[PDB]
Amino acid sequence: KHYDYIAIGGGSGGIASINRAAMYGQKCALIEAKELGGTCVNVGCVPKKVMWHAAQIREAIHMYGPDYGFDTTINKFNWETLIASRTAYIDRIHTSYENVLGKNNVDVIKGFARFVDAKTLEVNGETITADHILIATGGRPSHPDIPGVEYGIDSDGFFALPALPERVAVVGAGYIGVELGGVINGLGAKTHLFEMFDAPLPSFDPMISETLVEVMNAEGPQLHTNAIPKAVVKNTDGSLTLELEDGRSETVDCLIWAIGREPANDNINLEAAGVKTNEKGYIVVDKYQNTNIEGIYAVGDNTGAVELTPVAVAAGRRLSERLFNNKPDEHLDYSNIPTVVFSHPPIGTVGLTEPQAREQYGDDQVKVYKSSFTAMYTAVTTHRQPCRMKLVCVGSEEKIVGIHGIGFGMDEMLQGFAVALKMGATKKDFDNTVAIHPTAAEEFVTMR
Amino acid sequence: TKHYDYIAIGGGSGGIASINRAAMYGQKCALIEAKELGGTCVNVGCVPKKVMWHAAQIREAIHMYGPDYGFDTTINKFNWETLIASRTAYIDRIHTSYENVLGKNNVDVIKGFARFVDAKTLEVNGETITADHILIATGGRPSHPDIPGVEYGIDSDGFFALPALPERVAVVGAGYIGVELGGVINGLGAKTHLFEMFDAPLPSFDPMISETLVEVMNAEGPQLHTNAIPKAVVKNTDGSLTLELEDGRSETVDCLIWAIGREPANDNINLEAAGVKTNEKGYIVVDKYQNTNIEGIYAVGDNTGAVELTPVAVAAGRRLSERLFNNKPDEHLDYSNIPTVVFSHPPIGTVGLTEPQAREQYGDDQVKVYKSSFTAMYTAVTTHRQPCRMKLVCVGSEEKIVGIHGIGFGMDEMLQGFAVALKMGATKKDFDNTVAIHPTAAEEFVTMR
Ligand SMILES: Cc1cc2nc3c(=O)[nH]c(=O)nc-3n(C[C@H](O)[C@H](O)[C@H](O)COP(=O)(O)OP(=O)(O)OC[C@H]3O[C@@H](n4cnc5c(N)ncnc54)[C@H](O)[C@@H]3O)c2cc1C
Ligand SMILES: Cc1cc2nc3c(=O)[nH]c(=O)nc-3n(C[C@H](O)[C@H](O)[C@H](O)COP(=O)(O)OP(=O)(O)OC[C@H]3O[C@@H](n4cnc5c(N)ncnc54)[C@H](O)[C@@H]3O)c2cc1C
């Protein structure tokens with residue numbers, strides 16, 4: 001069969017690019033080996049956020065509810081009910097995705113695709129060819145090469161758990177490990193988070209790492225830094241003992257590897273098409289998402305770019321604008337991409353951290369405004385939680401180049417502030433907007 | 001007589017904001033407050049309302065959403081006294097923070113009720129004090145209907161004084177205060193009725209917001225009764241109350257809260273001795289720079305009839321002290337594109353023109369509206385799914401954004417940043433060019449098509 005455009009991978013980048021191309025009169029096919037929606041819908045963004053909301057309910061019942069006057073007994077936490085509700089939601093999302101590709105007349109092929117040559121793919125015995133092929137294959141969890149690595153699960157296995165284990169160790173502490181440790185701790189398991197560096201989230205602004213250590217020490221999970229796994233022993237009673245290079249050990253019922261992800265570019269015969277990958281296995285692309293082979297493009301996690309769904313969606317849509325709607329310079333600017341981490345409490349960040357701004361512009365040019373306060377939701381309780389915010393400004397005009405915050409509300413407040421930073425907001429622009437009270441967000445327009 | 005550079009009558013949102021800013025420039029100041037520091041917002045407004053809204057959110061999490069997430073829970077006891085004690089201790093700590101800052105700024109705080117003796121002299125507690133500049137920031141108070149039985153109803157101040165939660169509650173007025181209270185009391189478990197005089201609640205807001213609110217109340221409570229014109233309140237033998245309406249409907253409840261409006265507190269301070277003019281509704285008339293008709297007397301806040309929000313009184317109060325005492329002769333507050341969040345169930349966020357307003361102003365042919373409707377993810381895995389609806393109102397070829405409106409979970413924290421972008425002259429292209437944050441409610445505004 002011949003197509004104008006084929007996308008390999010029905011995830012975030014693949015679906016977004018193919019739907020936009022289909023709007024410009026291109027005949028398109030989408031190939032997906034597993035479930036529509038990719039990592040984000042099935043084992044990523046969406047089930048993570050449902051589990052985060054379940055942890056927030058249990059914390060409202062058990063931790064904050066008593067000081068608001070609610071004496072409550074959780075008679076039973078039915079794990080199966082929560083998984084059933086979450087799974088039915090993902091099933092309705094699958095049906096909405098099929099409907100959109102359908103109305104767009106996109107051919108969806110369920111199967112694993114491999115290249116035959118630069119223009120030809122084989123999927124399920126059949127060969128298909130196209131003049132434009134997008135590789136959007138995403139990535140997969142990495143696992144350490146250590147004795148006993150197979151007794152641990154990774155984030156995909158977390159979403160398949162049949163019950164909540166009593167004692168859990170999460171190894172990594174990049175944003176996925178921090179998010180899962182916060183959710184599992186919040187749902188009531190005795191939880192340990194092992195971070196290999198001396199601080200969780202080390203590339204984030206230091207205000208964020210320092211505040212996360214504080215709430216973890218007060219509320220769990222139990223943080224262990226400078227922790228490099230050496231081995232995992234399975235014990236006769238069934239439990240697992242994690243052994244660290246430095247000598248520490250911990251016995252738990254479940255161990256989750258959250259050390260990193262690697263690109264799924266390996267079993268699709270890229271060598272035949274001639275596409276170059278780098279040392280880490282990522283497909284090398286230029287600013288326009290072109291590979292080294294004319295007619296083959298890549299977007300998403302398999303390119304080594306920041307691993308976020310909106311980034312794969314915008315790069316995929318802009319690619320179809322460039323190819324099919326005559327916009328030859330259309331492309332995604334990868335700077336100032338906003339990120340929210342659904343930790344406890346959530347983190348929101350966009351732009352340069354204060355060290356970054358200072359290295360790039362010199363201390364002389366950098367003015368930082370900071371706010372620290374207690375989240376109002378928690379202020380009436382014995383479980384007060386900090387909220388800390390930072391604006392990083394440069395020059396006499398105080399152009400805002402970085403906005404960072406950790407606390408309740410950070411997840412929903414950051415989007416409009418990232419529009420404003422994209423428009424080139426200065427501190428004066430923030431200060432001339434009237435505050436909304438009482439919110440955590442108004443702290444960013446009343447900093448002094 | 002003691003003489004000050006600047007005196008503020010009213011230690012609420014406007015008064016504290018303006019006096020602290022003047023004190024920072026070396027002005028010797030006095031602040032007069034008859035009751036508690038912080039005014040309506042700290043004591044019977046913004047702050048206690050939001051603590052009660054968090055309490056309703058926790059009860060809904062336990063009772064309404066929790067079961068579908070797998071939590072089988074028994075509320076063994078809801079101790080109203082614990083909640084009120086926690087709420088009150090927090091407001092007390094805020095009282096202390098304000099005294100600390102006022103003390104650091106060397107402001108003399110005078111506790112009592114002030115009245116004008118003439119245009120530059122005030123009397124408080126028998127003492128007479130004078131100043132070159134006097135700010136009147138006296139706020140407002142709950143209005144009450146003139147009908148038989150009005151005295152059996154309480155108002156929003158009385159709601160914050162309740163000794164216990166009543167079993168059946170009627171809130172009359174579905175302006176934003178009645179809508180908030182109706183949703184909080186219903187969320188805490190009481191049988192709640194909300195009576196609206198017109199066809200829909202929040203009649204001044206964009207129709208998309210009024211419509212979604214009706215749909216939510218129909219499904220979840222409070223019970224809405226529109227075209228409800230109060231005739232009388234009858235107290236029954238057993239002590240319950242029956243609200244009688246003009247059209248013949250009636251409703252028996254244990255507690256009835258009037259939330260029909262607020263009027264200015266400008267009437268007992270002998271404004272006529274100073275010569276300050278008020279309008280027909282009793283508000284002090286001010287120009288662009290908050291000047292009254294008497295040189296040296298200014299007014300800010302709810303008593304001027306400007307939009308009744310704490311941030312507006314704070315910003316107008318600070319910019320008035322900048323103008324008077326820091327040589328910014330043109331400093332003043334722009335009253336357009338002020339953002340509002342209503343802490344209803346679900347919350348509402350709006351800034352700029354409603355779609356009707358934009359169409360009258362620019363004409364139909366110039367207006368382009370984008371809308372998004374979806375289910376809040378928090379509720380989407382339960383049997384109590386709740387709508388989220390958002391609207392962008394754009395004008396002209398460039399699609400300059402002139403209104404941003406939404407109702408749904410997340411609206412309370414997401415609006416501030418979009419209001420900054422609106423003030424910056426954002427067009428829909430500026431929203432579209434920003435990468436989304438997933439999964440959030442807020443990303444819907446930068447992905448509308
Ligand atoms: C636990 C977790 C939480 C996350 N949470 C968030 C979050 O909250 N917000 C956020 O923005 N990002 C989040 N991410 C990141 C987000 O999931 C990814 O960045 C996004 O899914 C990447 O899109 P993609 O198109 O590159 O690949 P993917 O979405 O991974 O999709 C690739 C698709 O390709 C298919 N495939 C692979 N090879 C073939 C083949 N040869 N033939 C056919 N089909 C094939 C796969 O089956 C898969 O469906 C999270 C990731 C994880 C693991
Ligand atoms: C139930 C409710 C909820 C609200 N929720 C919000 C919200 O969440 N967000 C928001 O932005 N706004 C909210 N508001 C509105 C906000 O409370 C007001 O807009 C704001 O308080 C007005 O500030 P002000 O300075 O004009 O007056 P006020 O805060 O009312 O203060 C005026 C002060 O003057 C004192 N006073 C009066 N006369 C004299 C006298 N002659 N001598 C001495 N002292 C005197 C009064 O005791 C009072 O303390 C709410 C209002 C109510 C009633």
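Quick note on labels: first sequence line is chain A, next is B, and so on, each numbered from 1. What's counted below: heavy atoms across the whole structure, side chains too, no hydrogens, waters or symmetry copies.
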| Looking at side-chain heavy atoms only, is the closest gap between A:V434 and B:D334 below 4.5 Å? |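 Result no, sub-4.5 Å side-chain heavy-atom pair not found.
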| Under a 4.5 Å cut-off applied to non-hydrogen side-chain atoms, are A:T381 and B:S86 in contact? |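 A side-chain contact is absent here, since even the closest heavy-atom pair is not under 4.5 Å.
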| query | Has the side chain of B:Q416 got a donor or acceptor atom that lies under 3.5 Å from a matching backbone atom of A:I436? | reply |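 Checking the backbone N and O of A:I436 against the side chain of B:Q416, a donor-acceptor pair under 3.5 Å is found.
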| With distance as the sole test, does A:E412 use its side chain to make a donor-acceptor pair with the main-chain N or O of B:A442 at under 3.5 Å? | yes
Where do [X] and [Y] come nearest, in terms of heavy atoms and distance?
{"X": "A:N75", "Y": "B:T73", "answer": "OD1-C, 3.7 Å"}
{"X": "B:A436", "Y": "A:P338", "answer": "O-CG, 4.5 Å"}
{"X": "B:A61", "Y": "A:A60", "answer": "CB-CB, 4.3 Å"}

Against chain B, work out which of [options] has the most heavy-atom pairs shorter than 4.5 Å and name it.
{"options": "A:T433, A:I61, A:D71, A:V46", "result": "A:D71"}
{"options": "A:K49, A:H53, A:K48", "result": "A:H53"}
{"options": "A:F430, A:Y68, A:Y64, A:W52", "result": "A:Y68"}
{"options": "A:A420, A:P438, A:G409", "result": "A:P438"}
{"options": "A:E80, A:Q56, A:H437, A:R318", "result": "A:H437"}
{"options": "A:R448, A:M410, A:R86", "result": "A:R448"}

| task | Check step by step if side chain to side chain contact (heavy atoms under 4.5 Å, CB included) holds for A:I57 and B:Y378. | result | CA-CA 10 Å; A:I57 288 175; B:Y378 176 61; 3.9 Å; yes
Measure [X] against the heavy atoms of chain A and call it side chain, backbone, both or neither at under 4.5 Å.
{"X": "B:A85", "value": "neither"}
{"X": "B:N433", "value": "both"}
{"X": "B:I404", "value": "neither"}
{"X": "B:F343", "value": "side chain"}
{"X": "B:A89", "value": "neither"}
{"X": "B:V446", "value": "side chain"}

Counting heavy atoms not belonging to [X], are there more than 12 under 6.0 Å from its [atom1]?
{"X": "A:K399", "atom1": "NZ", "result": "no"}
{"X": "A:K327", "atom1": "NZ", "result": "yes"}
{"X": "A:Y97", "atom1": "OH", "result": "no"}
{"X": "A:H331", "atom1": "NE2", "result": "yes"}
{"X": "A:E397", "atom1": "CD", "result": "no"}

| query | Which value, rounded to the nearest 0.5 Å, describes the distance between A:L187 atom CG and B:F71 atom CZ? | reply | 5.5 Å
| message | Within this structure, what is the OG1-CZ distance for the pair B:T375 and A:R92, rounded to the nearest 0.5 Å? | response | 8.5 Å
Looking only at heavy atoms and a cut-off of under 4.5 Å, which of [options] has the most pairs with chain A?
{"options": "B:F418, B:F445, B:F78", "result": "B:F78"}
{"options": "B:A441, B:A315, B:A419", "result": "B:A441"}
{"options": "B:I338, B:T82, B:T447, B:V381", "result": "B:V381"}

Report which part of [X] has an atom under 4.5 Å of a heavy atom belonging to chain B: side chain, backbone, both, or neither.
{"X": "A:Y89", "answer": "side chain"}
{"X": "A:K422", "answer": "side chain"}
{"X": "A:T309", "answer": "side chain"}
{"X": "A:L332", "answer": "side chain"}

